[PDB]
Amino acid sequence: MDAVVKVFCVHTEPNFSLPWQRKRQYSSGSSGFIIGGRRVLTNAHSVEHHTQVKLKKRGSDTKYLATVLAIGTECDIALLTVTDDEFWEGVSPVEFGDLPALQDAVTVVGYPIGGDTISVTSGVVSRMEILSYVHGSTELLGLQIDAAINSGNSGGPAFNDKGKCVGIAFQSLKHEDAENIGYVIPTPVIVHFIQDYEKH
Amino acid sequence: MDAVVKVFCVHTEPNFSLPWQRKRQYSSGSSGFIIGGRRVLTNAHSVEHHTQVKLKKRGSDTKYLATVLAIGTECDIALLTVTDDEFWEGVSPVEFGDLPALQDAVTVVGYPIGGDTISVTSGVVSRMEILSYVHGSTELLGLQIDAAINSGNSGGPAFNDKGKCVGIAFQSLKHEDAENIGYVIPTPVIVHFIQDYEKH
Amino acid sequence: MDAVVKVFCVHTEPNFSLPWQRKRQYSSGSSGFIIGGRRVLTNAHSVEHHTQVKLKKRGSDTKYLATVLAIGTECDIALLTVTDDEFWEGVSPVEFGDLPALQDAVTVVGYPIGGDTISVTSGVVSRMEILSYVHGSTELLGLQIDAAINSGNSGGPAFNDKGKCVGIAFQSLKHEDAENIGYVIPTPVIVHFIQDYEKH
Amino acid sequence: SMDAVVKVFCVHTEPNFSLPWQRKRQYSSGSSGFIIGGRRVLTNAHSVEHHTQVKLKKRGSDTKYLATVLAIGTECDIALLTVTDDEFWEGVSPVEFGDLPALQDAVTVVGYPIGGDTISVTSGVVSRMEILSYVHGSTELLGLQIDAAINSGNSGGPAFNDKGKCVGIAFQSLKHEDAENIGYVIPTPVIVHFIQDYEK
Amino acid sequence: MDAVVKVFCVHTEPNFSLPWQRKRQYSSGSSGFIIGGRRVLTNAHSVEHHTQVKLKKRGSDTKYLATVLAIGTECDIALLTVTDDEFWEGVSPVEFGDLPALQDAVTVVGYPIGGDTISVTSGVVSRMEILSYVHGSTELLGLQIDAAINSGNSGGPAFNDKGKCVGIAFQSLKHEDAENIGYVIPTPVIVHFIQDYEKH
Amino acid sequence: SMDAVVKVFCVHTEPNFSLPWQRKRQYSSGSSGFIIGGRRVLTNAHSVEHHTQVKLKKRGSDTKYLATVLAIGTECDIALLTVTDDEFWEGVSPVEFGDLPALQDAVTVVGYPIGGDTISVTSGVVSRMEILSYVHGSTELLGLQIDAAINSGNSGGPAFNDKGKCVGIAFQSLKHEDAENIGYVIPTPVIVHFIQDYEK
Amino acid sequence: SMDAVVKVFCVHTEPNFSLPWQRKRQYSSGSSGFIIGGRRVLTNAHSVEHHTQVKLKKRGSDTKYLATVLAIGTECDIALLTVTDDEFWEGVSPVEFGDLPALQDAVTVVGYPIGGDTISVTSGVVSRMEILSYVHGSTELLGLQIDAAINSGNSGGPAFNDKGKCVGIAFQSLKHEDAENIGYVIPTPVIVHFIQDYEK
Amino acid sequence: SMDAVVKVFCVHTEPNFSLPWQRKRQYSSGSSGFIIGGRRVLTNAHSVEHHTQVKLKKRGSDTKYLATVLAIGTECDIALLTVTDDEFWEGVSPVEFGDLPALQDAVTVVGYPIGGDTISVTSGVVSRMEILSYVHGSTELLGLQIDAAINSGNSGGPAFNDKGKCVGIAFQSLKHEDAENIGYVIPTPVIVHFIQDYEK
């Protein structure tokens, strides 16, 4: 919970809102969390086309300059780091616990957009998407929860009953929104993502 | 529950509904509840620009003239009192119990608008907003429940399992409404609010 | 459950759908249930301006001619009876059990409109409306459940966990509909209604 | 012919139960009408329904006049009225009916928006015609549609052609609603049948 | 779960989307599952007017040519088979367990449209539709669950707590969709359907 | 050319299962059509689909006539009909086709609104044209759009220019719907291709 | 009279609590206004409400000018302004008012869309007139409606007739909204009453 | 100038993750454009974004031509294209630009609706003008709005005045959408600035 940081970046809108005007851009909010090895997880869709991403811890007002290590394209995950060491001082990385089951309560921790306070959201795993290799083995690919993740929270951690992390959280964009539906990327995807980065 | 009073005031609409007509105004309903020390809590947004606010207890038809002690601007809380002593006769102030947790059942008691009957609404704490001081300490700032608070109920008390009060209740105004989403101001905010009043 | 009958009547629409055309009318469906003393409960809003209301039991295709004893105006309740004795043969009236509490599961049994099959709907008591006399005593006035009652079901019985009746059920008309919100008239209202009839 | 247009007041009781345990909600409504030849006033049937008494108001004063309901249509939404007070009729030229309108004719609709005492004048053009046919090949105008939304209180007011002559009674579409820009007018042949069926 | 297959067919739209253009058609997705006796269950509405339906198992990319045995008209059920024996090799048909009760958790397994991954959806039986013969006996006719079945999933199996099948699943088409409402055809209907086929 | 416009009756069975355990809902529908040269009637393809028999009604009488389906379009929503009864054709002048219309042309659409036997006449103007091109640079009118909503029952009726000559078949937009004020017309070249492809 | 049209800047604080535990949200808003005779500027009352100071901008430069609030209407949404800086008034011809407009008159509305500094010019026609009546039979224009949507920032800007003379102040409909194509204009008599009531 | 209007093909990858664990969805899109002087084609910037290659199609044939992206606007949604194939340009007269349009001018928009190869021609009138101002009092046309909805595939196509001369590039409103009947056109001055900034 002290590992949950707020992400600041500049969001350039995808569309011309009027054909005779430059694309509207403005500063946006997002969430992330500290994992082991001086790394911060967050979503990709908030650090794309970035010029500079700045982080912020809970009690402090001090912003820090993050360094984009990798930006996923197969999944909405970004891997960051910070050069300053004052950032990593006195903060405990999250721990990754057991994969949740259907109807399991999850908790999503993030910073709602336009503020510095932390929001904690309760949700239950209402749907799972499951990968299936030709080997015969199946890994967990997607989680859906029955609670809406408000805008700024996207990219924060999702915890199980035991305060252990079970993935990254995402506001439901497609279809209709704010209708009590959220998404979560399970740990195996996060693993593969880091694996593909470290190895290559 | 016998501490829950109905609030009568005059609500002047925020907008001209037609640019050539005076702002539409009419009498409105709201809810509140008796706390210790001859004080009544309710929301601010029902007593702003007031000329006179009148209260009413459950079984009686008698209205009483309330006296606005303070109107919050940092939070939607108003502090009232009544000079008549017949008001405070034979009524027990609510008791403030333990802060609720996620998924905790809460109960919201208020008077629905346009009637004298009491409505009791069941809801569960679906989200929490948490303050964080530079000291390192965190206090509870906001509660969201998974049940809609209908109009007149706003300002009434919210109780935990043990019939103990855990805050003031509010109809969700912003975003979409009546979609099973309500707000509750936790006790620490109410405390700070009274503290800022008494001390100053 | 064998006490739950289907109600047939002619519904004349409230509005001219075109100002130059007679009011549109057509046959409608509704639900009711057998209580003690050769009486059938149902809603008022399906037997208003009636010419003739016809009932029907579960397994039989035979319709029976009902006789409107009373039509409520303070509450949406109608009291019927049937002169034929073949109707009351081999059918057990419902039994009225304890008043439900918040979050109590209820079951609503009725005939969905346009068919002869029975629908059974699960819902939980999500809200209560409470009367308060000047004496100091409070009786239960209204129940709201977190499940939608589809059209034809209105007027059927609502049961508690123990298969005992706890009131009459109603499709939510006002505000928005089919958004998982139903109403139920508690037993004390049904009692008062019958009392006001028998005594007068 | 501004002076012939009057505001209709009647107590409207809703067709539905707002809640199954309460009386049908009931409140004062507003509507329009107009003075014709022979001490008569035309307005809509729907506003004067029930056996509530109806009041009339004229353009200049706030004086209300008690009206007598002569006939309430059922084949069409027209009601015929009169007023005993001789001062009601004094110094008012009744409307004069004109030629049947054709497609694309410009019309003008005069009435009192609900809630206010001021007169409204809405432009519109005949967008659709409904036409009745007889067993010998004769044709009669049954309905008119205009490409203008008629606001609630205006129903019952007159519709005029370019030459200021009345050409039917104006009505709002009850479904659809509202800014679909559709409006209905009952043409004179129907009004004539209504009155002939009254007199005979 | 290894018995759950993906269904490929060509869906010809029901309407001309423009009156001067041929009806729009395109390839669609659907779900089904293997039962005993070299048979595959699925919905009818995906194999109507078919030219050829092709199946696919979980880990394999190999498609197989299915053979439409029967297409229901009383219920949305299709009965398929495959001539290839490599299809039925090493796959265990589902087992049919006890009929669920109200509030019973069910699980729906299917392939979401436009992908090969398996989706697993949690839902609870929120409503039952019950048949009633003149004999006096009642069989279960319909199940409704409080979770939406996304498009491609329709036709897959629904399981109870014990991983035993309790019917075929269906996306809610009528009324509003994706509002957390799904349908399931209970086992007795599936039985009757197969009975009517085998016997005739 | 009012006399040439006829009302089409056909039993319409819906394309979807209303509930997966019931027969597809099925009910009588209404539509429009019109008499042309050579003992033929034009109407839409969608109303006469399935092998249901279709009846026709004329403007004056309530007599229905059994129709014969000669050809049902697939490249366009047109059907060609005829009637054996000689009395159907007696004393009716068929429609006469006119010049290709241009953008901003005023058109008139004649038909029978669903549910009634009276004739409707809707104004409209050509707002958009869809144009086909050939491998040599030739152009042909493919579709017309008008800025008027065509109500359901009117589909199949004729569209006329200022000079009263037919200029295509009228259709309602199935999506969008409804008061978007958009309407479709199939122009004469397409009708001509449909008939030439019939005869040849 | 482009040069007389100015952009109004004011800090707008919302009428509602976004969340009950936060300050009412507050942000800079934009609006329009225009220069009239006698060192005065007309704009709307709603933008300049609260005791926030208001700035003005002219067509060519980005220079803002501090404005003085002379009078804020309550019977109508009009505010009268002035600016001390003499350079504000230099080289600007104030608007000239013209004849009362009639139904179907073409009007033109000039203003600054919110968020930008460029001038917008919207076409429209008078679709409805609201008319006031006196106790002696006199009539005065009270309100105008146009069949064009006025975008947010344009409220307060001028409305012109065919001859370029001002004919009222333009306003957007706050409910309905937005592409209902409805717009409001306060006609000159009301403006005149506002100013006479100011001076006197 | 039908022959100058071409259909643009480009592979469009969406700006959002459909699901956080999948690649951003990606599919072939369609758009319009037109041939101008000097071996150039104008179309919109948004369709040709990313470094996907773009193909062009002409009115008569289904032949596609590989296009070269010369310049993609950022201050406006315009892209400048060319094609190496000499046969693309053969026998095609480029569009000719005409006078700046005024309010209420009739315009015509030519383009290819998405999904099809046929040409669409939409009527419309200039409903609003956005006007830029310079630090000395000069004015330039910045944007045009028309009272016609431009369907998706038409964006990039030309807009013509009564005299058939081009008068800007047509665009659909991305929000609002769709039958609000609003359409955008970038007028020639902006196109001219785009090209001058290209050449220089």
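Every number here is computed from the coordinates shown, using simple stated rules; none is lab data. All Cβ positions, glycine included, derive from the backbone under ideal geometry; neighbour counts span all protein chains shown.
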*asked:* Of everything in region B:167-195, what is more than 14 Å from chain G (Cβ to nearest Cβ) and either buried (at least 24 other Cβ atoms within 10 Å of the Cβ) or among the β-branched types (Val, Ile, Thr) (or both)? Give them in sequence order.
replied: B:194
*So is residue E:81 in contact with a strand residue (DSSP E or B) (Cβ under 6 Å, 6 or more places away or on another chain) and either farther than 28 Å from residue A:144 by Cβ or assigned to a loop (DSSP other than H, G, I, E, B) (or both) or not?*
yes
*Top-ranked residue of region F:139-164 - restricted to ones that are within 14 Å of the chain's Cα centre (by Cα) and in a strand (DSSP E or B), ranked as nearest to residue H:118 (Cα to Cα)*: F:143
*residue H:59: part of a loop (DSSP other than H, G, I, E, B), away from chain A (no Cβ under 14 Å) and more than 15 Å from the chain's Cα centre (by Cα), yes or no?*
yes
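Okay, residues lined up against (1) among the β-branched types (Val, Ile, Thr); (2) in contact with a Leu (Cβ under 8 Å, 6 or more places away or on another chain):
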residue: C:79; (1), (2): no, yes
residue: C:94; (1), (2): yes, no
residue: C:100; (1), (2): no, yes
residue: C:114; (1), (2): no, no
residue: C:119; (1), (2): no, no
*asked:* Condition first: of a type outside the set (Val, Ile, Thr), more than 15 Å from residue B:109 (Cα to Cα) and within 14 Å of chain D (Cβ to nearest Cβ). Now tell me which residues in region C:142-152 satisfy that.
replied: C:151
*Between residues in region C:126-139 that are under 28 Å from residue B:178 (Cα atoms) and at the interface with another protein chain (Cβ under 7 Å from one of its Cβ atoms) and residues that are of a type in the set (D, E, K, R) and surrounded by fewer than 17 Cβ atoms within 10 Å (Cβ to Cβ), which pairs lie under 9 Å by C-beta distance while being six or more apart or on different chains?*
C:130/C:139; C:131/C:139; C:132/B:116; C:132/C:139
*Look through region B:102-125, keep the residues that are at the interface with another protein chain (Cβ under 7 Å from one of its Cβ atoms) and in a loop (DSSP other than H, G, I, E, B), and return whichever of them is nearest to residue B:157 (Cα to Cα).*
B:117
*Selection count, region H:153-175, where residues are in contact with a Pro (Cβ under 8 Å, 6 or more places away or on another chain) and surrounded by fewer than 19 Cβ atoms within 10 Å (Cβ to Cβ)*: 0
*Failed condition for residue C:10, given (1) surrounded by fewer than 22 Cβ atoms within 10 Å (Cβ to Cβ); (2) closer than 15 Å to residue C:117 by Cα; (3) among the β-branched types (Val, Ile, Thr)*: (2)
*Do we find that residue F:35 is surrounded by 14 or more Cβ atoms within 10 Å (Cβ to Cβ), under 15 Å from the mean Cα position of the chain (by Cα), away from chain E (no Cβ under 14 Å) and not in a strand (DSSP E or B) in this structure?*
no
*Which of the residues that make up region F:7-54 are under 17 Å from residue F:112 (Cα atoms) and among the basic types (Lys, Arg)?*
F:7
*Consider only pairs whose beta carbons are under 8 Å apart and that are at least six residues apart or on different chains; among these, list those whose first residue lies in region A:16-29 and is more than 7 Å from chain H (Cβ to nearest Cβ) and whose second residue is basic (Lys, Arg) and outside any loop (DSSP other than H, G, I, E, B).*
A:29/A:6
*Keeping to region A:43-56, report how many residues are crowded, with 21+ Cβ neighbours inside 10 Å and within 12 Å of another protein chain (Cβ to nearest Cβ).*
4
_Which of the numbered conditions does residue G:148 fail, given that it passes all the others? Conditions: (1) surrounded by fewer than 23 Cβ atoms within 10 Å (Cβ to Cβ); (2) among the hydrophobic types (A, V, I, L, M, F, W, C); (3) within 14 Å of chain H (Cβ to nearest Cβ); (4) over 30 Å from residue D:6 (Cα atoms)._
(4)
*For the subset of region G:93-105 comprising residues that are surrounded by 15 or more Cβ atoms within 10 Å (Cβ to Cβ) and of a type in the set (A, V, I, L, M), which member is nearest to the chain's Cα centre (by Cα)?*
G:95
*Considering region F:62-88 alone, what residues qualify as being away from chain E (no Cβ under 14 Å), surrounded by fewer than 16 Cβ atoms within 10 Å (Cβ to Cβ) and not in a strand (DSSP E or B)?*
F:62, F:63, F:84, F:85, F:86, F:87
*List the pairs whose first member sits in region D:80-102 and is of a type in the set (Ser, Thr, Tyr), whose second member is surrounded by fewer than 16 Cβ atoms within 10 Å (Cβ to Cβ) and in a loop (DSSP other than H, G, I, E, B), and whose Cβ atoms are under 7 Å apart, counting only residues at least 6 apart or on separate chains?*
D:82/D:39
*Test each condition in (1) within 20 Å of residue C:19 (Cα to Cα); (2) in a strand (DSSP E or B) for residue D:11 and report the one that comes out false.*
(1)
*Where a residue in region B:175-194 is over 30 Å from residue C:178 (Cβ atoms) and its partner, wherever it lies, is among the acidic types (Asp, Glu), with Cβ under 8 Å and at least six apart*: B:185/B:76; B:188/B:139; B:193/B:74
*Within region H:165-179, how many residues are facing another protein chain (nearest Cβ under 8 Å) and part of a strand (DSSP E or B)?*
2
*Pairs with Cβ under 9 Å, 6+ apart, first in region D:127-138 and part of a loop (DSSP other than H, G, I, E, B), second aliphatic (A, V, I, L, M) and crowded, with 16+ Cβ neighbours inside 10 Å*: D:138/D:132
*Exclusive hit being within 14 Å of chain H (Cβ to nearest Cβ), over 21 Å from residue G:34 (Cβ atoms) and in contact with a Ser or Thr (Cβ under 6 Å, 6 or more places away or on another chain), set G:182, G:131*: G:182
_Out of the residues in region C:127-166 meeting the condition of being closer than 30 Å to residue C:92 by Cα and among the hydroxyl-bearing types (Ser, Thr, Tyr), tell me which one is surrounded by the most Cβ atoms within 10 Å (Cβ to Cβ)._
C:154
*Residue satisfying all of: in region G:1-21; under 29 Å from residue B:46 (Cα atoms) and surrounded by fewer than 17 Cβ atoms within 10 Å (Cβ to Cβ); farthest from the other protein chains (Cβ to nearest Cβ) among these*: G:11
*What residue, among those in region H:175-192 that are without any contact (Cβ under 8 Å) to a residue 12 or more places away in the chain and farther than 17 Å from residue H:128 by Cβ, is farthest from the chain's Cα centre (by Cα)?*
H:177
*Looking at region E:59-84, which of its residues are touching a residue at least 24 places away in the same chain (Cβ under 8 Å) and away from every other protein chain (no Cβ under 14 Å)?*
E:63, E:66, E:69, E:70, E:79, E:80, E:81, E:82
*Residue in region G:109-120 that is farthest from the other protein chains (Cβ to nearest Cβ), counting only those that are β-branched (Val, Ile, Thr) and surrounded by fewer than 21 Cβ atoms within 10 Å (Cβ to Cβ)*: G:114
